[PDB]
Amino acid sequence: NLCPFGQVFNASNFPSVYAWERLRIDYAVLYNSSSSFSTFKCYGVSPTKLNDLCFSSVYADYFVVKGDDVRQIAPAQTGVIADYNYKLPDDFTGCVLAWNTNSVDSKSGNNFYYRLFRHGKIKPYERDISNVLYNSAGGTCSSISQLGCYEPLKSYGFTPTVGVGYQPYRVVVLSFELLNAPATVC
Amino acid sequence: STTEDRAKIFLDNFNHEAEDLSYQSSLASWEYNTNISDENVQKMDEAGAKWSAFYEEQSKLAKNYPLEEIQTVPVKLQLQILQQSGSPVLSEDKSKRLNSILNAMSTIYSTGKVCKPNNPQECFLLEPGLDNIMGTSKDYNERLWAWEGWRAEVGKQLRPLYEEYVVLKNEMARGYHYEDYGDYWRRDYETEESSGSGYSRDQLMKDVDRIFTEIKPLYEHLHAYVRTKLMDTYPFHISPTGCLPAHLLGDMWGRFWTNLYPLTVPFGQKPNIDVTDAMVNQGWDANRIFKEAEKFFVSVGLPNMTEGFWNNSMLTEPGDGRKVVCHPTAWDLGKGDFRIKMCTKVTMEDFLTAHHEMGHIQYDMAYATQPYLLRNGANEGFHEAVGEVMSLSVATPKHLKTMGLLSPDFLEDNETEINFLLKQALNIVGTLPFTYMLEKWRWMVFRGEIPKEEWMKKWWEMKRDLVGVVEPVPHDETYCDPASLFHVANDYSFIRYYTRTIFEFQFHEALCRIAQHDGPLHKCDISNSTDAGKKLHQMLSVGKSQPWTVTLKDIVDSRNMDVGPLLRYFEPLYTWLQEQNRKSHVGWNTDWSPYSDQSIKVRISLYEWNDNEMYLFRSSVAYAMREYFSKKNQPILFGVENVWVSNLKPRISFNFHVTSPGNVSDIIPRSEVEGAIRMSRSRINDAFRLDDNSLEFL
Ligand SMILES: *[C@@H]1O[C@H](CO)[C@@H](O[C@@H]2O[C@H](CO)[C@@H](O)[C@H](O)[C@H]2NC(C)=O)[C@H](O)[C@H]1NC(C)=O
Ligand SMILES: *[C@@H]1O[C@H](CO)[C@@H](O[C@@H]2O[C@H](CO)[C@@H](O)[C@H](O)[C@H]2NC(C)=O)[C@H](O)[C@H]1NC(C)=O
Ligand SMILES: *[C@@H]1O[C@H](CO)[C@@H](O[C@@H]2O[C@H](CO)[C@@H](O)[C@H](O)[C@H]2NC(C)=O)[C@H](O)[C@H]1NC(C)=O
Ligand SMILES: *[C@@H]1O[C@H](CO)[C@@H](O)[C@H](O)[C@H]1NC(C)=O
Ligand SMILES: *[C@@H]1O[C@H](CO)[C@@H](O)[C@H](O)[C@H]1NC(C)=O
């Protein structure tokens, strides 16, 4: 009858990569999709022969990254997005889905942000939305007109003429426990 | 926390904002350049202003991280690109004066008009009208009028501006911890690798005047052949053993000799390559030209275009009304955006220019993964050298015959090869001594080896000595002949063309050796060669993130500059010109000038000699000429400007000759001037209070 997996792929807007949200929570819509995906990398389980090991909970983390930043949403990866914005575990299972949205997310006058600077790397599934200024030595400078203090949240600066690699990509990450089963969804 | 733990964070903050601001500035500049209007010229001063302010602010903050205590090459070299400021260490009054001076020279060069000596109501600008006369006219007198009207109505306006420009630029460059403005121009070609074995600024001068001595026989034979063919036209005007006159070289300054090709054509019965008619007859357009260029670049292994190249970049004249300056150029806007702005036509030279600009794009596409400060050519020669070497393979009549433009029945004899090689040498070989001599003059002027009272004397001395070109009329220190060229009046480095030619032919030899070419170097096509594409692309990607010597070593297997590839390219032409210049004279003497045979030597035996006595002598000579022609019933108003002084030694002697007013080509005969002096010998030295023994008039 009903299987909630939509309303996350046809949403009118996605947040920035540093402000990703999840869903609590039908897999034939991945192949015959409204938008043809550019990245279909699935780790752990396979896309073909998928609905045989049933899962009791599915999380869908959705955000927007740069075109060259789609590579960094994968297990065991090093980058700005992996270290400071969005981290996946080394034993992550599930599929990573992405598609180009230069006609949608780059037309408006809105802005998309990413955390370039942070004090140390981030844990998997950790959200960091702080606007506190980053000092190279430490502490809080609270003054941009100084030395060693920079704004952490940098802007993608999306323009419809940037070309592939700097274009907006809407990334939706499906993650499963593969071992948690309180007998809820199967 | 420490240095090298915070300088990379500073460069991480810099790059991710400089990319955005540079992209906005480039977008505004493109929007102006394709849509020149009132509201689009205003937007560089709102975008480039923020970009320059951000660049100078981050350059001031970059000085807090010393170049010591950092070991990794990319961030240290990025700090080397920074720290060296975009904010000159110069006074506000002096900086405003320098900006006013540069604007004044640009305005004088752009809006300088030369009027005819008779009926002065029509006047010609340099690009409308004077370049047409310098390119197409075979008249001696019209060419001399256009050559002397320029540098006297324009160069005389540019002389004191250039003097104060030299002073202010030396003051500015000494504040950058250099010694000269020429040394500051040589901040490129400056590498350091290990143990002090890097390329120095002083090594560039040694390399270029070793290369210039290595190109002396080929250029001497080409000069002798051009001089021989410039005697069929212009009889009794060019000495068989002397230098070439400066106004008979195809343009205003003698930079390119390529407009002398109809006069000095070998085997004029054989037609040259011109695929324009077959280009029009096959229904080609701009899209077909650029798609064929992309097909050529794919065939070696270089990638496609970014698909924003085909959309954003214009490739035709705009049908809707939009004012555009139509100069072929390739745009690297940043953030993955590459564009070409050119108003191309269905023409063979437009085909080669499209290949040139797409070579620039493909060189720009390769180093996009580098940091923003290292997204440039490894030196100022590689970028244009890649651009020209990508167009050498497609101009050969084997790539043209493959595409179907050239008919298969075209005769590829050994005479068309000589025609092509001579046209190339007029384009390429004939501009190397000019470039070397002009940059040597500018370097010695900035260094101080040429005093301000010996600018024109030294300039024409080393123009005769190196280029082999003699001035048609004498120029004293009131003139400024270098400033009459665009690159000197607009403050542009000029040795990049010399290094462009050297690196272009070195790259051509390397890529043709890699692509297993068999025959001569000039008949080489690097198309359909993946091996050449790999070695090419491993050099374009490095950008500046590596010294130019070691990225030159990776492609041509030599760290140093070599001209052996260039001499091997023109080897059939060299051995043809050796046979052609067998009964002629190869070389020139710096003693002959067009005014040499009609000039009178005057020696001074002391009352003193200022510049106020030269004017008195010229006035006395002009009055003697008027008095002598008055008794011949020929009333002519000779003046001070009609008396020219050459070989001015201010202690002992000088030479002079008289020219008819309104006609700079009409030199008065030496017997007439001597008769005038003998007729008016009393009141030509009564004002000086000296007898005829002091001024002997040899
Ligand atoms: C070329 O430039 C003109 C202005 O120099 C552009 O005209 C502007 O178009 C915008 C579009 O919304 C208007 O808001 C402005 O009011 C217009 N200004 C003027 C003075 O007309 C024009 O659109 C540009 N054309 C292209 C193809 O870029
Ligand atoms: C590069 O190689 C390709 C394939 O080897 C050439 O393409 C074919 O060349 C033959 C011979 O001239 C033509 O008859 C075909 O019409 C071509 N096109 C095909 C098969 O699609 C290409 O001409 C070569 N280019 C150069 C510059 O050598
Ligand atoms: C200006 O002087 C030139 C050269 O003195 C004149 O051009 C011709 O020059 C040749 C030799 O150089 C003479 O034999 C001719 O008699 C000259 N005149 C012509 C009409 O050919 C030129 O005529 C003079 N006048 C102008 C207005 O240019
Ligand atoms: C380049 O584009 C053409 C057509 O657009 C395509 O056939 C070819 O495979 C492309 N090559 C590469 C390397 O992308
Ligand atoms: C071309 O070749 C022929 C015969 O080999 C020779 O006689 C002629 O001199 C050559 N011409 C040139 C310009 O090399």
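Every heavy atom of this structure was used, including side-chain atoms; hydrogens, water molecules and symmetry mates were not. Order of the sequence lines fixes the chain letters, A, B, ..., with proteins taken first and strands second; residue numbering starts at 1 for each chain.
The shortest side-chain heavy-atom distance between B/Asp413 and B/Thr416 falls under the 4.5 Å cut-off. Proximity of B/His585 to B/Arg227: side-chain heavy atoms (C-beta onward) are separated by under 4.5 Å at one or more points. Counting heavy atoms from C-beta outward, B/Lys534 and B/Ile514 have side chains that stay 4.5 Å or more apart. The shortest side-chain heavy-atom distance between B/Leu426 and B/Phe256 does not fall under the 4.5 Å cut-off. When side chains are defined from C-beta on, B/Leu392 counts as touching B/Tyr569, because their heavy atoms get closer than 4.5 Å. Between B/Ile215 and B/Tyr436 there is no side-chain heavy-atom pair separated by less than 4.5 Å. Proximity of B/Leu263 to B/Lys229: side-chain heavy atoms (C-beta onward) are nowhere separated by under 4.5 Å. Contact annotation: the side chain of B/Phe503 never approaches that of B/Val556 to less than 4.5 Å [non-hydrogen atoms, C-beta and beyond].
Looking at B/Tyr219, its side chain does come within 3.5 Å of a backbone N or O of B/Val467 through a donor-acceptor pair. Without hydrogens or angle criteria, B/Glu357 side chain to B/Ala330 main chain gives a donor-acceptor distance under 3.5 Å. Listed for the B/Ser106 side chain is no donor-acceptor partner under 3.5 Å among the backbone atoms of B/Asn490. Side chain of B/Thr501 to main chain of B/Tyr497: a donor-acceptor pair is present (N/O by atom type, distance under 3.5 Å, no hydrogens or angles). Side-chain atoms of B/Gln362 come within 3.5 Å of backbone N or O of B/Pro303 as a donor-acceptor pair. A donor-acceptor contact shorter than 3.5 Å links the side chain of B/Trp150 to the backbone of B/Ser484. Checking side-chain atoms of B/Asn419 against main-chain N and O of B/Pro266 turns up a donor-acceptor pair under 3.5 Å. Between the side chain of B/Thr402 and the backbone N or O of B/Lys398, at least one donor-acceptor pair lies under 3.5 Å. A donor-acceptor contact shorter than 3.5 Å is absent between the side chain of B/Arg255 and the backbone of B/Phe434. B/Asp350 places no side-chain N or O within donor-acceptor distance of the main-chain N or O of B/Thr353, the cut-off being under 3.5 Å.
When the side chain to side chain contact (heavy atoms under 4.5 Å, CB included) test is applied to B/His517, the partners found at least two apart in sequence or on another chain are B/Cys512, B/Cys524. Looking at residues two or more places apart in sequence or on another chain, you find a side chain to side chain contact (heavy atoms under 4.5 Å, CB included) between B/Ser29 and B/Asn33, B/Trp331.
Electrostatic pairing of B/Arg500 and B/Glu388 counts as a salt bridge here, judged by a charged N lying under 4.0 Å from a carboxylate O. Taking 4.0 Å as the cut-off between side-chain N and carboxylate O, B/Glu439 and B/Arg442 count as a salt-bridged pair. We find that B/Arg210 and B/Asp207 are joined by a salt bridge, their nearest charged nitrogen and carboxylate oxygen being less than 4.0 Å apart. For the pair B/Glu471 and B/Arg464, the salt-bridge criterion is met [side-chain N within less than 4.0 Å of a carboxylate O].
Between B/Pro245 and B/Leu249, the shortest heavy-atom distance links the atoms O-CG, 3.5 Å. When every heavy atom of B/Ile418 is checked against every heavy atom of B/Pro572, the shortest pair comes out as CD1-O, 4.0 Å. When all heavy atoms of B/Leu406 and B/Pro397 are compared, the closest pair comes out as CD2-CB, 3.7 Å. B/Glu317 and B/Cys343 make their closest contact through OE1-CB, 3.3 Å (heavy atoms, listed as atom of the first residue, atom of the second, distance). When all heavy atoms are compared, the tightest approach of B/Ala146 to B/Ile133 is CB-CG2, 4.0 Å. Smallest separation of non-hydrogen atoms from B/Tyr109 and B/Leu126: OH-CD2, 3.3 Å.
Within a 6.0 Å sphere centred on CG of B/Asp518, heavy atoms belonging to other residues, nucleotides or ligands number 12 at most. The environment of B/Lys553 atom NZ is dense: over 12 non-hydrogen atoms of other residues, nucleotides or ligands sit within 6.0 angstrom. In B/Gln516, the CD atom is not crowded: 12 or fewer heavy atoms of neighbouring residues, nucleotides or ligands sit closer than 6.0 Å.
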Chi angles and distances behind the side-chain contact (heavy atoms from CB on, under 4.5 Å) call for B/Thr276, B/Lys345: CA-CA 10 Å; B/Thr276 311; B/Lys345 277 92 181 174; over 6 Å; no
Check step by step if side-chain contact (heavy atoms from CB on, under 4.5 Å) holds for B/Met358 and B/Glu294. CA-CA 8 Å; B/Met358 185 179 288; B/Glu294 188 207 39; 4.2 Å; yes
Kindly determine whether B/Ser407 and B/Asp409 satisfy side chain to side chain donor-acceptor pair (under 3.5 Å), including the steps that lead there. CA-CA 5 Å; B/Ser407 303; B/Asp409 296 338; over 6 Å; no
Go through the steps for B/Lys535 and B/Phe507 under the test side-chain contact (heavy atoms from CB on, under 4.5 Å), then give the verdict. CA-CA 10 Å; B/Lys535 298 298 293 295; B/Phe507 292 158; over 6 Å; no
Verdict with supporting geometry, B/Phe486 and B/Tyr492, ring-ring contact (aromatic ring centres under 6.0 Å, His included): CA-CA 8 Å; B/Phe486 170 75; B/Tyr492 283 132; 5.5 Å; yes
Would B/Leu466 and B/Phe212 count as a side-chain contact (heavy atoms from CB on, under 4.5 Å) here? Give the steps. CA-CA 9 Å; B/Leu466 305 177; B/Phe212 177 76; 3.7 Å; yes
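In summary, the side chains of B/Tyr189 and B/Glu380 do present a donor paired with an acceptor at a separation below 3.5 Å, with no hydrogens or angles considered. For the 3.5 Å distance criterion, the side chains of B/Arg339 and B/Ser313 fail to qualify, holding no donor opposite an acceptor. Judged purely by distance below 3.5 Å, without hydrogens or angles, the side chains of B/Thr551 and B/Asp554 never pair a donor atom with an acceptor atom. Counting only N and O atoms by type, the side chains of B/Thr228 and B/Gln580 include no donor and acceptor under 3.5 Å apart. For the residue pair B/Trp460/B/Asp481, the side-chain donor-acceptor check at 3.5 Å is satisfied. Under the 3.5 Å distance criterion, with hydrogens and angles disregarded, a donor-acceptor pair is assigned to the side chains of B/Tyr367 and B/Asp364. Residues B/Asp525 and B/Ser527 bring a donor and an acceptor atom of their side chains to less than 3.5 Å of each other.
Checked against a 6.0 Å centroid threshold, the rings of B/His221 and B/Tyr225 do not count as neighbours. Here B/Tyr363 and B/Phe382 keep their ring centres 6.0 angstrom or further from each other. Note: B/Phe420 and B/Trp576 fail the aromatic proximity criterion, with ring centroids not under 6.0 Å apart. The six-membered or imidazole ring of B/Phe494 lies away from that of B/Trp441, with a centre-to-centre distance of 6.0 Å or more.
Aromatic ring pairs are classed by plane angle as parallel below 30°, tilted from 30° to 60° and perpendicular above 60°; the pair B/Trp257 and B/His223 is tilted. The aromatic rings of B/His355 and B/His399 lie perpendicular to each other, with more than 60° between the two planes, well past the 30° mark. Note on ring orientation: taking the six-membered ring where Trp is involved, the planes of B/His247 and B/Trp147 are tilted (angle from 30° to 60°). The aromatic rings of B/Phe124 and B/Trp145 stand perpendicular to each other, their planes meeting at an angle above 60°, with 30° marking the opposite boundary.
None of B/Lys270, B/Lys523, B/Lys401 except one satisfies the salt bridge (charged side-chain N to carboxylate O under 4.0 Å, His left out) rule with B/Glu412; the exception is B/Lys401.
B/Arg143 forms no cation-pi arrangement with B/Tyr234, by the criterion of a distance under 6.0 Å to the ring centre and an angle within 45° of the ring axis.
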